[PDB]
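Asker: The structure follows.
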Amino acid sequence: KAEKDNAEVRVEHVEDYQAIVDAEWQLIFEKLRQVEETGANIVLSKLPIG
Amino acid sequence: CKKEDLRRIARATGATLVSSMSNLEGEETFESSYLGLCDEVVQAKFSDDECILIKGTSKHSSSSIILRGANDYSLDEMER
Amino acid sequence: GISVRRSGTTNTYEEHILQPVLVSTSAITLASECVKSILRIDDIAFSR
Amino acid sequence: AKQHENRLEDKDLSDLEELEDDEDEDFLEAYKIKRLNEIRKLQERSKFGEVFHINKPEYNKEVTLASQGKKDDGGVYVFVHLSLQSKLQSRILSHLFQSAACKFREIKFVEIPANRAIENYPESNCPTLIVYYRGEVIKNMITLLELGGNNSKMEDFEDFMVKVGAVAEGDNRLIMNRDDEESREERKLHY
Amino acid sequence: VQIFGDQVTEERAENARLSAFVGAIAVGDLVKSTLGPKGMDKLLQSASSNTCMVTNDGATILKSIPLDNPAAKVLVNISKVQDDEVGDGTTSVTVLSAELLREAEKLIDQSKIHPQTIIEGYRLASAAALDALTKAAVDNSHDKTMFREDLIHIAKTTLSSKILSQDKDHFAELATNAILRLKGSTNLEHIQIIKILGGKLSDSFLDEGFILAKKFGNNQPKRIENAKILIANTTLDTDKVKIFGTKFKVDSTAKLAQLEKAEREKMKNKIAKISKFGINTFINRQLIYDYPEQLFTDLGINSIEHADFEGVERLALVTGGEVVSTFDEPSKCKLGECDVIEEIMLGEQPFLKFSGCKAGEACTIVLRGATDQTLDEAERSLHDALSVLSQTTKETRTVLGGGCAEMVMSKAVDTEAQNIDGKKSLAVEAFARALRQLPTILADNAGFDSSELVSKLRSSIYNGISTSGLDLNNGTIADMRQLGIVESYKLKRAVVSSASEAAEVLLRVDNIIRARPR
Amino acid sequence: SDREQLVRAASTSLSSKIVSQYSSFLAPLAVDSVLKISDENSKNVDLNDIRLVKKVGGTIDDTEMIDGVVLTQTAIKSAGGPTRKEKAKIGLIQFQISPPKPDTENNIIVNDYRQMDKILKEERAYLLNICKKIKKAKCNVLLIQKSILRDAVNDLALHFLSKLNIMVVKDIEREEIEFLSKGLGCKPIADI
Ligand SMILES: Nc1ncnc2c1ncn2[C@@H]1O[C@H](COP(=O)(O)OP(=O)(O)O)[C@@H](O)[C@H]1O
Ligand SMILES: [Mg+2]
Ligand SMILES: [Mg+2]
């Protein structure tokens with residue numbers, strides 16, 4: 001969420017606060033695992049890598 | 001109106017200064033005891049100077065002096 | 001000592017001119033320490 | 001010469017409608033379309049509106065990238081606040097950020113703890129106010145003795161924003177120019 | 001041609017050299033008067049804010065004075081790092097570095113020897129000097145009584161040049177007792193310097209425990225017997241909760257009043273967590289708000305606020321306990337104990353004095369004087385003394401002072417001067433005359449004849465004895481072991497090594513390139 | 001303690017000032033100020049307990065030792081209910097009298113027109129029950145700190161205290177809390 005538009009997240013529970021902060025890690029690791037399964041040894045990109 | 005004037009109006013006419021309408025109870029109301037009393041109120045205008053003449057205060061008397069002269073700067077000497 | 005009202009010398013205890021000993025002690029003591037620091041100065045060099 | 005310019009320059013879109021019956025339509029509506037376009041640009045630029053409580057990894061992006069904005073040199077001012085809760089001036093400056101954030105939505109208001117900002121920062125120098133613009137530091141402000149110190153007010157903070165080029169002088173949102181309705185009411189009666 | 005451009009000063013091989021040597025002469029003549037026990041202090045006047053500074057240390061003299069000469073900047077930096085390493089002996093580096101270049105100026109002009117050949121003589125001469133300095137040292141620390149006596153002599157030798165030269169008999173006890181209380185821990189942050197105006201120089205007294213400039217709260221008592229001390233790097237301030245990004249959505253103000261009740265109940269439960277230990281004082285790093293302050297009244301707990309970062313470690317080591325922030329488990333984190341928590345007043349500012357602590361690993365030097373310029377000299381003087389004595393704990397070897405270290409080093413250099421063939425042997429002798437020039441300057445500052453005492457000292461040591469030295473009080477040769485003059489081995493090793501590298505940098509120069517200033 | 005030596009010493013030691021000829025009554029004033037603090041250990045008596053309040057007006061001859069703790073600041077006179085108090089109980093307030101809010105900024109929403117009636121009633125109710133506890137404790141004089149960050153008083157809170165005949169003041173220095181508490185014997189208060 002560097003150049004992404006500012007998502008106004010509003011939560012009303014403490015138990016959901018653990019779910020919403022782990023969802024950021026869940027989404028970014030799902031993108032890495034999908035690239036990992038294909039065996040791409042050299043990853044390139046025009047925009048920056050996290 | 002200004003703050004220092006209304007204390008003298010309430011002191012002369014017999015009213016009390018009301019900063020807000022409330023009481024010790026939770027309800028909100030207005031009692032007739034907060035109102036003052038006077039005999040006559042007349043608005044007068046003299047040379048572009050509107051002044052409300054309040055006369056005949058029952059509880060305590062009051063007074064005001066209407067100085068008259070050439071201009072405002074001459075009246076400043078009369079005011080002093 | 002000296003009394004200023006009569007403009008002459010007299011007994012100061014009768015005229016009630018008294019002061020603490022710590023005042024005169026600090027005067028002689030601090031004065032000697034200030035002269036000790038000033039006389040050790042040799043050069044006046046401009047700095048930042 | 002200025003009497004002709006005050007008809008259009010000294011009236012917003014709400015005040016320009018006063019001259020609808022007096023002045024010509026083509027003279028008035030030509031400028032209202034111009035001022036209406038300027039209002040639309042400020043709405044598109046309103047990307048902010050509350051204090052962004054950030055953390056360091058992010059500083060390298062929020063504070064600086066933003067300062068570049070579109071990079072049309074669409075620069076964006078970013079007011080940083082190295083907060084320190086133990087100091088009294090820091091809590092005052094935090095209140096000014098949220099108050100100004102609700103008004104100036106185009107300017108970014110950033111806050112972060114001072115202990116987390118710089119390695120071993122001097123606590124005496126806090127609170128610190130930095131202003132970024134296009135990646136460059138426009139003002140590295142020191143504690144608020146310049147802005148009155150403990151007696152700092154909202155009027156003094158808005159005046160500082162005009163000096164750094166963040167807000168125009170004749171902006172209608174500034175308290176110096178935003179005269180009260182009762183003030184303008186007395187002017188029309190005594191005119 | 002002109003490649004360098006406009007406003008660029010360039011020099012070539014006769015203006016380049018003799019501009020660094022005259023700069024080495026210019027920087028050396030300033031610090032000549034400051035060397036020795038009878039040296040005069042130099043006063044520095046700032047260009048802005050009318051700030052004056054009385055100081056004897058050669059490093060501080062060169063810190064403040066601006067010097068655009070590039071050769072003088074080398075002497076500015078070597079005194080800075082010498083103050084960083086040992087803290088004492090920066091003037092000897094600048095004097096010995098300048099006189100080495102003064103001698104080398106004559107060897108280049110008179111004898112017509114290459115500069116590289118002069119350095120090769122200094123490499124062998126410096127090696128012979130350090131070998132004699134290593135063999136001339138003596139072991140220590142096997143007997144604590146002798147180690148106690150040698151630190152007293154080192155403190156007397158260090159403070160003989162500073163403003164404490166008259167009262168060094170009393171300050172030597174104050175300097176050496178604080179170092180032994182460290183229990184081997186080599187660090188100067190555990191010693192505080194409290195500035196007090198009034199009194200005289202000898203009124204500085206040794207403090208039992210730890211003293212600092214803080215104050216109790218509004219309602220706290222004056223005296224508590226056997227008080228348990230705790231240190232919190234905590235926030236007893238408006239804590240907030242740390243998931244910044246919490247806000248309070250409110251549908252009605254009925255629960256908002258109960259929400260503020262929960263905030264007061266939150267901090268009440270936190271102060272209730274403090275009372276489970278049953279402490280008698282509470283020390284916090286930052287400011288304490290009034291609502292925590294009122295809660296310590298009924299519980300019988302003292303309060304101290306706004307403690308510096310250094311003050312936390314300085315007070316915790318004396319207490320013996322550790323800094324606690326969680327307050328969860330009362331089993332671990334055993335706290336210390338202090339007998340007398342009563343504050344005292346020295347001048348117009350009250351100070352919290354402690355006494356009867358478990359350990360004294362941190363100390364505090366109380367100073368008294370007339371002018372702040374004297375207190376600043378008192379701070380820099382004892383900082384050099386405590387820095388030398390602190391490094392003497394880790395480095396045990398020492399060497400005799402009083403100018404005997406310079407001449408005994410030059411003995412082996414002169415011995416190794418004969419068996420070296422070529423023109424570099426004259427440079428080996430030039431290094432010897434540089435070591436001889438230090439005691440020549442010690443006699444000049446004292447106002448006595450320098451040629452006689454240097455000749456008597458030089459002829460005496462070659463006879464076979466190696467304990468003689470200069471006695472500037474009487475103006476004759478005497479036994480240094482009787483007077484008790486001794487210095488550390490790493491000090492003179494750093495001085496000779498730094499001075500050898502100082503002459504080496506400036507002797508390998510042939511051109512000067514001064515770009516345009518900004 | 002010796003009035004023959006201390007009073008004469010204090011008078012003859014000033015000796016150069018304008019109040020030297022006024023020292024017939026100020027030299028006893030200086031002796032009586034220090035004699036209240038006495039100790040056998042010969043301590044360094046702190047002068048923080050002896051506050052010198054500067055008021056522009058009058059003459060130096062009117063200077064005299066006040067028995068109680070004199071306050072420098074004036075009254076607020078926003079309501080102006082009470083004029084002169086007798087047998088009053090003094091309290092030192094360190095918190096702020098305001099509508100309910102934490103120290104940080106908050107957001108209050110209104111989803112229905114009936115919620116405003118509860119908000120306006122409960123905001124003064126938080127001020128009302130504080131005045132009830134003040135009336136239960138019969139505290140007639142209140143001292144409120146400066147509190148630049150949060151509003152000390154308002155027209156609503158002044159109105160409830162105006163009926164109970166309770167004076168109020170502001171602009172108290174944080175360092176003078178030791179002098180007021182130790183002098184008047186009133187412990188501070190930071191919680192209702
Ligand atoms: N009491 C003394 N008697 C004789 N020589 C002394 C005495 N104290 C110091 N010296 C000499 O002074 C020289 C330099 O002393 P030092 O403390 O390094 O001064 P500075 O700190 O100014 O360089 C030493 O080489 C030492 O031999
Ligand atoms: Mg020294
Ligand atoms: Mg006098």
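Quick note on naming: the chains in the structure tokens go A, B, ... in the order shown, residues restart at 1 in each chain, and ligands are numbered from 1 in order of appearance.
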If you count only C-alpha atoms, which residues fall within 9 Å of range 28-37 of chain C, apart from same-chain ones fewer than 4 positions away, as a PyMOL selection string?
Answerer: (chain C and resi 23-24+41) or (chain E and resi 41+163+198-201+369-371+373-374)
Asker: Might you pull out every residue within 9 Å of range 96-110 of chain E, with only C-alpha atoms counted and same-chain residues fewer than 3 positions away left off, and present them as JSON, numbers by chain?
Answerer: {"E": [18, 21, 22, 23, 24, 25, 26, 27, 28, 29, 75, 91, 92, 93, 113, 114, 115, 118, 426, 427, 430, 431, 433, 434, 435, 437, 438, 495, 496, 498, 499, 500, 501, 502, 503, 506, 507]}
Asker: Which chains and residue numbers are within 9 Å of ligand 1, counting only C-alpha atoms and all ligand atoms, if I want them as a PyMOL selection string?
Answerer: chain E and resi 31+34-37+39+56-58+87-93+156-162+165+381+384-385+400-406+438-439+442+469-473+480+483-487+491-492
Asker: Residues within 12 Å of ligand 3, counting only C-alpha atoms and all ligand atoms: report them as a ChimeraX atom specification.
Answerer: /C:17-20,23-24 /F:9-17,20
Asker: May I have the residues within 10 Å of residue 106 in chain F as a list in words, using only C-alpha atoms and disregarding those fewer than 6 positions away in the same chain?
Answerer: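 Selected residues are residues 246, 247, 248, 249 and 250 of chain E.
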Asker: Within 6 Å of chain E, which residues of chain F come that close, and what is the closest atom pair and distance in Å for each? Count only C-alpha atoms and give it as a tab-separated table.
Answerer:
```
residue	atom	partner	partner_atom	distance
F:100	CA	E:257	CA	5.6
F:106	CA	E:248	CA	5.6
F:107	CA	E:249	CA	5.7
F:108	CA	E:250	CA	4.9
F:109	CA	E:251	CA	5.8
F:119	CA	E:253	CA	5.8
F:178	CA	E:218	CA	5.1
F:190	CA	E:291	CA	5.0
```
Asker: Keeping only N, CA, C and O atoms, write the selected residues as a short mmCIF file (atom, residue, chain, number, x, y, z; two decimals), in the first residue's frame.
Answerer:
```cif
data_model
loop_
_atom_site.label_atom_id
_atom_site.label_comp_id
_atom_site.auth_asym_id
_atom_site.auth_seq_id
_atom_site.Cartn_x
_atom_site.Cartn_y
_atom_site.Cartn_z
N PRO F 100 -17.77 16.23 29.13
CA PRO F 100 -16.97 15.00 29.17
C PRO F 100 -16.22 14.77 27.87
O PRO F 100 -16.82 14.69 26.79
N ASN F 106 -11.77 13.69 19.82
CA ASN F 106 -12.82 12.68 19.69
C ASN F 106 -13.79 13.10 18.59
O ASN F 106 -13.74 14.23 18.10
N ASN F 107 -14.66 12.16 18.22
CA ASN F 107 -15.70 12.37 17.23
C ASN F 107 -17.03 11.90 17.81
O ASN F 107 -17.14 10.75 18.25
N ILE F 108 -18.02 12.79 17.82
CA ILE F 108 -19.37 12.51 18.30
C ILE F 108 -20.31 12.67 17.11
O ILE F 108 -20.29 13.72 16.44
N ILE F 109 -21.12 11.65 16.86
CA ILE F 109 -22.05 11.61 15.73
C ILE F 109 -23.47 11.72 16.27
O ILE F 109 -23.74 11.44 17.44
N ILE F 119 -27.73 14.78 24.65
CA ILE F 119 -26.37 15.29 24.68
C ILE F 119 -26.31 16.60 25.46
O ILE F 119 -25.45 16.79 26.33
N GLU F 178 3.17 24.10 45.67
CA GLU F 178 3.78 23.79 46.96
C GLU F 178 3.50 24.88 47.98
O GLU F 178 3.29 24.59 49.17
N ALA F 190 -7.08 16.04 42.06
CA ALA F 190 -6.98 15.72 40.64
C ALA F 190 -7.99 14.68 40.18
O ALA F 190 -7.86 14.17 39.06
#
```
Asker: Set out as a Markdown table a contact list for chain D and chain E with a cut-off of 9 Å, giving each residue of chain D that qualifies its closest atom pair and distance in Å to one decimal, counting only C-alpha atoms, ordered by chain and rising residue number.
Answerer:
```
| residue | atom | partner | partner_atom | distance |
| --- | --- | --- | --- | --- |
| D:52 | CA | E:245 | CA | 8.9 |
| D:53 | CA | E:244 | CA | 6.8 |
| D:54 | CA | E:244 | CA | 8.8 |
| D:85 | CA | E:238 | CA | 7.7 |
| D:86 | CA | E:287 | CA | 5.9 |
| D:87 | CA | E:287 | CA | 8.0 |
```
Asker: Just list as a PDB file with N, CA, C and O atoms, in the first residue's frame whatever in chain C DSSP marks as helix (DSSP H, G or I).
Answerer:
```pdb
ATOM      1  N   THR C  12      30.742  51.085  67.597  1.00  0.00           N
ATOM      2  CA  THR C  12      29.647  50.663  66.733  1.00  0.00           C
ATOM      3  C   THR C  12      28.644  49.760  67.439  1.00  0.00           C
ATOM      4  O   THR C  12      27.483  49.708  67.020  1.00  0.00           O
ATOM      5  N   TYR C  13      29.055  49.050  68.491  1.00  0.00           N
ATOM      6  CA  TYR C  13      28.122  48.187  69.206  1.00  0.00           C
ATOM      7  C   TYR C  13      27.072  48.993  69.957  1.00  0.00           C
ATOM      8  O   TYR C  13      25.911  48.574  70.031  1.00  0.00           O
ATOM      9  N   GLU C  14      27.453  50.145  70.514  1.00  0.00           N
ATOM     10  CA  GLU C  14      26.483  51.021  71.159  1.00  0.00           C
ATOM     11  C   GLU C  14      25.515  51.624  70.151  1.00  0.00           C
ATOM     12  O   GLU C  14      24.319  51.742  70.440  1.00  0.00           O
ATOM     13  N   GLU C  15      26.010  52.007  68.976  1.00  0.00           N
ATOM     14  CA  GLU C  15      25.189  52.553  67.904  1.00  0.00           C
ATOM     15  C   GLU C  15      24.507  51.475  67.058  1.00  0.00           C
ATOM     16  O   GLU C  15      23.743  51.819  66.151  1.00  0.00           O
ATOM     17  N   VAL C  21      29.403  37.442  60.178  1.00  0.00           N
ATOM     18  CA  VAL C  21      30.785  37.126  59.830  1.00  0.00           C
ATOM     19  C   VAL C  21      30.885  36.422  58.480  1.00  0.00           C
ATOM     20  O   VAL C  21      31.933  36.503  57.827  1.00  0.00           O
ATOM     21  N   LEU C  22      29.827  35.732  58.044  1.00  0.00           N
ATOM     22  CA  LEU C  22      29.873  35.033  56.764  1.00  0.00           C
ATOM     23  C   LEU C  22      29.926  36.003  55.590  1.00  0.00           C
ATOM     24  O   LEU C  22      30.443  35.649  54.523  1.00  0.00           O
ATOM     25  N   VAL C  23      29.398  37.218  55.755  1.00  0.00           N
ATOM     26  CA  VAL C  23      29.449  38.205  54.681  1.00  0.00           C
ATOM     27  C   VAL C  23      30.888  38.647  54.441  1.00  0.00           C
ATOM     28  O   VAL C  23      31.374  38.647  53.304  1.00  0.00           O
ATOM     29  N   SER C  24      31.590  39.033  55.509  1.00  0.00           N
ATOM     30  CA  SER C  24      32.986  39.430  55.373  1.00  0.00           C
ATOM     31  C   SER C  24      33.878  38.244  55.026  1.00  0.00           C
ATOM     32  O   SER C  24      34.897  38.417  54.347  1.00  0.00           O
ATOM     33  N   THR C  25      33.520  37.042  55.483  1.00  0.00           N
ATOM     34  CA  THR C  25      34.299  35.854  55.148  1.00  0.00           C
ATOM     35  C   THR C  25      34.220  35.553  53.657  1.00  0.00           C
ATOM     36  O   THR C  25      35.239  35.282  53.011  1.00  0.00           O
ATOM     37  N   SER C  26      33.010  35.591  53.094  1.00  0.00           N
ATOM     38  CA  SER C  26      32.848  35.332  51.667  1.00  0.00           C
ATOM     39  C   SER C  26      33.482  36.426  50.817  1.00  0.00           C
ATOM     40  O   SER C  26      33.924  36.156  49.696  1.00  0.00           O
ATOM     41  N   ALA C  27      33.538  37.660  51.326  1.00  0.00           N
ATOM     42  CA  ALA C  27      34.138  38.750  50.565  1.00  0.00           C
ATOM     43  C   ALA C  27      35.644  38.561  50.430  1.00  0.00           C
ATOM     44  O   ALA C  27      36.197  38.661  49.329  1.00  0.00           O
ATOM     45  N   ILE C  28      36.327  38.289  51.544  1.00  0.00           N
ATOM     46  CA  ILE C  28      37.772  38.078  51.499  1.00  0.00           C
ATOM     47  C   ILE C  28      38.096  36.786  50.758  1.00  0.00           C
ATOM     48  O   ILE C  28      39.100  36.700  50.039  1.00  0.00           O
ATOM     49  N   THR C  29      37.254  35.762  50.919  1.00  0.00           N
ATOM     50  CA  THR C  29      37.530  34.474  50.294  1.00  0.00           C
ATOM     51  C   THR C  29      37.312  34.530  48.786  1.00  0.00           C
ATOM     52  O   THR C  29      38.182  34.113  48.013  1.00  0.00           O
ATOM     53  N   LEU C  30      36.158  35.040  48.348  1.00  0.00           N
ATOM     54  CA  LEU C  30      35.870  35.093  46.917  1.00  0.00           C
ATOM     55  C   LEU C  30      36.758  36.101  46.198  1.00  0.00           C
ATOM     56  O   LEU C  30      37.054  35.923  45.010  1.00  0.00           O
ATOM     57  N   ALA C  31      37.186  37.163  46.886  1.00  0.00           N
ATOM     58  CA  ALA C  31      38.069  38.140  46.260  1.00  0.00           C
ATOM     59  C   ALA C  31      39.435  37.537  45.961  1.00  0.00           C
ATOM     60  O   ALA C  31      40.019  37.800  44.904  1.00  0.00           O
ATOM     61  N   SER C  32      39.961  36.724  46.882  1.00  0.00           N
ATOM     62  CA  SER C  32      41.252  36.083  46.653  1.00  0.00           C
ATOM     63  C   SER C  32      41.168  35.061  45.525  1.00  0.00           C
ATOM     64  O   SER C  32      42.125  34.894  44.760  1.00  0.00           O
ATOM     65  N   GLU C  33      40.033  34.368  45.406  1.00  0.00           N
ATOM     66  CA  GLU C  33      39.874  33.386  44.340  1.00  0.00           C
ATOM     67  C   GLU C  33      39.748  34.051  42.976  1.00  0.00           C
ATOM     68  O   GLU C  33      40.187  33.484  41.969  1.00  0.00           O
ATOM     69  N   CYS C  34      39.156  35.248  42.918  1.00  0.00           N
ATOM     70  CA  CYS C  34      39.022  35.942  41.642  1.00  0.00           C
ATOM     71  C   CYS C  34      40.368  36.467  41.160  1.00  0.00           C
ATOM     72  O   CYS C  34      40.679  36.391  39.965  1.00  0.00           O
ATOM     73  N   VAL C  35      41.179  37.003  42.075  1.00  0.00           N
ATOM     74  CA  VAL C  35      42.521  37.450  41.711  1.00  0.00           C
ATOM     75  C   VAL C  35      43.393  36.261  41.328  1.00  0.00           C
ATOM     76  O   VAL C  35      44.298  36.390  40.494  1.00  0.00           O
ATOM     77  N   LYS C  36      43.147  35.092  41.927  1.00  0.00           N
ATOM     78  CA  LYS C  36      43.889  33.890  41.558  1.00  0.00           C
ATOM     79  C   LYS C  36      43.616  33.496  40.110  1.00  0.00           C
ATOM     80  O   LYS C  36      44.520  33.024  39.411  1.00  0.00           O
ATOM     81  N   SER C  37      42.380  33.689  39.643  1.00  0.00           N
ATOM     82  CA  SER C  37      42.022  33.322  38.278  1.00  0.00           C
ATOM     83  C   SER C  37      42.457  34.373  37.263  1.00  0.00           C
ATOM     84  O   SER C  37      42.804  34.022  36.130  1.00  0.00           O
ATOM     85  N   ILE C  38      42.450  35.651  37.642  1.00  0.00           N
ATOM     86  CA  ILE C  38      42.764  36.712  36.688  1.00  0.00           C
ATOM     87  C   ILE C  38      44.260  36.749  36.400  1.00  0.00           C
ATOM     88  O   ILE C  38      44.677  36.893  35.245  1.00  0.00           O
ATOM     89  N   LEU C  39      45.092  36.622  37.436  1.00  0.00           N
ATOM     90  CA  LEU C  39      46.536  36.709  37.257  1.00  0.00           C
ATOM     91  C   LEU C  39      47.113  35.549  36.455  1.00  0.00           C
ATOM     92  O   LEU C  39      48.213  35.691  35.908  1.00  0.00           O
TER      93      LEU C  39
END
```
Asker: Could you name the residues that touch residue 140 in chain D at 10 Å or less, counting only C-alpha atoms, but leaving out those on the same chain fewer than 5 positions away, as a PyMOL selection string?
Answerer: chain D and resi 80+128-132
Asker: Can you write just those residues out, N, CA, C and O atoms, as a short mmCIF file (atom, residue, chain, number, x, y, z; two decimals), in the first residue's frame?
Answerer:
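The resulting result06.cif:
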```cif
data_model
loop_
_atom_site.label_atom_id
_atom_site.label_comp_id
_atom_site.auth_asym_id
_atom_site.auth_seq_id
_atom_site.Cartn_x
_atom_site.Cartn_y
_atom_site.Cartn_z
N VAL D 80 5.06 17.38 8.78
CA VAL D 80 5.42 16.30 9.69
C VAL D 80 5.45 16.84 11.10
O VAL D 80 5.75 18.02 11.32
N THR D 128 8.95 18.98 16.97
CA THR D 128 9.58 19.43 15.73
C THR D 128 8.55 19.38 14.60
O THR D 128 7.76 18.44 14.51
N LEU D 129 8.59 20.41 13.75
CA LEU D 129 7.69 20.56 12.61
C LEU D 129 8.53 20.69 11.35
O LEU D 129 9.30 21.65 11.22
N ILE D 130 8.38 19.73 10.44
CA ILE D 130 9.08 19.71 9.15
C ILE D 130 8.02 19.84 8.06
O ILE D 130 6.91 19.33 8.19
N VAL D 131 8.40 20.53 6.98
CA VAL D 131 7.52 20.78 5.83
C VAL D 131 8.27 20.35 4.58
O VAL D 131 9.25 20.99 4.18
N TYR D 132 7.80 19.26 3.96
CA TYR D 132 8.35 18.74 2.72
C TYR D 132 7.54 19.24 1.53
O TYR D 132 6.34 19.52 1.64
#
```
Asker: Work out how far apart CA of residue 392 in chain E and CA of residue 468 in chain E are and give it in Å to one decimal.
Answerer: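 So the answer is 23.5 Å.
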Asker: Determine which residues of range 5-126 of chain D receive a DSSP assignment of strand (DSSP E or B), computed from the backbone, and state them as a PyMOL selection string.
Answerer: chain D and resi 52-53+77-83+108-113
Asker: Tell me, as number ranges by chain, which residues lie within 12 Å of residue 7 in chain A, counting only C-alpha atoms; anything in the same chain fewer than 4 positions away does not count.
Answerer: A: 1-3; D: 47-48
Asker: Would you put the residues from that selection into a file with N, CA, C and O atoms, as a CSV table (one decimal), in the first residue's frame?
Answerer:
```csv
chain,number,residue,atom,x,y,z
A,1,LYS,N,0.8,-1.2,0.0
A,1,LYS,CA,0.0,0.0,0.0
A,1,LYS,C,0.9,1.3,0.0
A,1,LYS,O,0.7,2.2,0.8
A,2,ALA,N,1.8,1.3,-0.9
A,2,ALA,CA,2.7,2.4,-1.1
A,2,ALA,C,2.1,3.5,-2.0
A,2,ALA,O,1.9,4.6,-1.5
A,3,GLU,N,1.8,3.2,-3.2
A,3,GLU,CA,1.2,4.1,-4.2
A,3,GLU,C,-0.3,3.9,-4.3
A,3,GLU,O,-1.0,4.6,-5.0
D,47,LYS,N,-7.1,15.0,-1.3
D,47,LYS,CA,-6.7,13.6,-1.1
D,47,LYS,C,-6.5,13.3,0.4
D,47,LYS,O,-6.3,12.1,0.7
D,48,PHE,N,-6.6,14.3,1.3
D,48,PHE,CA,-6.3,14.2,2.7
D,48,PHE,C,-7.5,14.8,3.5
D,48,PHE,O,-8.5,15.1,2.9
```
Asker: Name all residues at most 12 Å from residue 59 in chain D (count only C-alpha atoms; drop same-chain ones fewer than 6 positions away) and give them as a compact mmCIF listing (two decimals) with C-alpha atoms, in the first residue's frame.
Answerer:
```txt
# COMPACT_ATOMS: atom_id res chain seq x y z
CA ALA A 2 2.73 2.44 -1.08
CA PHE D 52 -1.84 10.26 9.11
CA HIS D 53 -0.37 8.52 12.16
CA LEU D 65 6.82 10.45 -2.31
CA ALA D 66 3.83 12.48 -1.48
CA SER D 67 5.84 15.48 -1.59
CA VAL D 78 3.49 17.49 3.86
CA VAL D 80 5.42 16.30 9.69
CA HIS D 81 5.12 16.33 13.49
CA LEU D 82 7.73 14.56 15.62
CA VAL D 110 1.64 13.82 9.14
CA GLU D 111 2.40 12.82 12.74
CA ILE D 112 4.89 10.35 14.23
CA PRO D 113 6.60 9.94 17.65
CA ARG D 116 10.75 6.60 16.71
CA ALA D 117 11.75 9.25 14.14
CA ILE D 118 15.51 9.84 14.62
CA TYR D 132 8.35 18.74 2.72
CA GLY D 135 11.12 15.93 -1.85
```
Asker: When you get a sec, could you note down which chain F residues fall within 12 Å of chain D, using only C-alpha atoms, as a ChimeraX atom specification?
Answerer: /F:103-107,146-150
Asker: Store the residues picked out above in a file with N, CA and C atoms, as a short mmCIF file (atom, residue, chain, number, x, y, z; two decimals), in the first residue's frame.
Answerer:
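Final file, result22.cif:
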```cif
data_model
loop_
_atom_site.label_atom_id
_atom_site.label_comp_id
_atom_site.auth_asym_id
_atom_site.auth_seq_id
_atom_site.Cartn_x
_atom_site.Cartn_y
_atom_site.Cartn_z
N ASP F 103 -8.48 13.69 27.03
CA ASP F 103 -7.51 14.71 26.64
C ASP F 103 -7.28 14.77 25.14
N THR F 104 -7.44 13.66 24.43
CA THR F 104 -7.23 13.60 22.99
C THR F 104 -8.51 14.01 22.26
N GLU F 105 -8.40 14.20 20.95
CA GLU F 105 -9.54 14.58 20.13
C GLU F 105 -10.47 13.39 19.94
N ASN F 106 -11.77 13.69 19.82
CA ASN F 106 -12.82 12.68 19.69
C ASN F 106 -13.79 13.10 18.59
N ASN F 107 -14.66 12.16 18.22
CA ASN F 107 -15.70 12.37 17.23
C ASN F 107 -17.03 11.90 17.81
N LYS F 146 -4.02 26.54 35.37
CA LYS F 146 -4.07 27.23 34.08
C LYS F 146 -4.74 26.37 33.02
N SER F 147 -4.16 25.20 32.72
CA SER F 147 -4.74 24.21 31.81
C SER F 147 -4.95 24.80 30.41
N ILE F 148 -3.82 25.11 29.76
CA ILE F 148 -3.88 25.63 28.40
C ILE F 148 -4.43 24.60 27.41
N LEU F 149 -4.19 23.31 27.64
CA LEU F 149 -4.58 22.28 26.68
C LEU F 149 -6.08 22.00 26.68
N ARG F 150 -6.73 22.07 27.84
CA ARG F 150 -8.15 21.76 28.00
C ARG F 150 -8.82 22.91 28.74
#
```
Asker: What lies within 6 Å of residue 413 in chain E using only C-alpha atoms, ignoring chain neighbours under 2 positions off, as a ChimeraX atom specification?
Answerer: /E:125,128,410-411,415-416
Asker: Each residue of range 21-80 of chain B lying at most 12 Å from range 4-10 of chain B should get a row with its shortest atom-to-atom pair and the distance in Å to one decimal, counting only C-alpha atoms; could you produce that, ordered by chain and increasing number, as CSV?
Answerer:
```
residue,atom,partner,partner_atom,distance
B:34,CA,B:10,CA,9.3
B:35,CA,B:10,CA,8.7
B:36,CA,B:10,CA,6.9
B:37,CA,B:10,CA,9.5
B:38,CA,B:9,CA,10.4
B:52,CA,B:9,CA,11.9
B:53,CA,B:9,CA,11.7
B:54,CA,B:9,CA,9.1
B:55,CA,B:9,CA,11.0
B:57,CA,B:9,CA,9.5
B:58,CA,B:10,CA,11.7
B:59,CA,B:10,CA,10.2
B:60,CA,B:10,CA,10.0
B:61,CA,B:9,CA,10.5
B:62,CA,B:8,CA,8.7
B:63,CA,B:8,CA,10.7
B:64,CA,B:8,CA,11.7
```
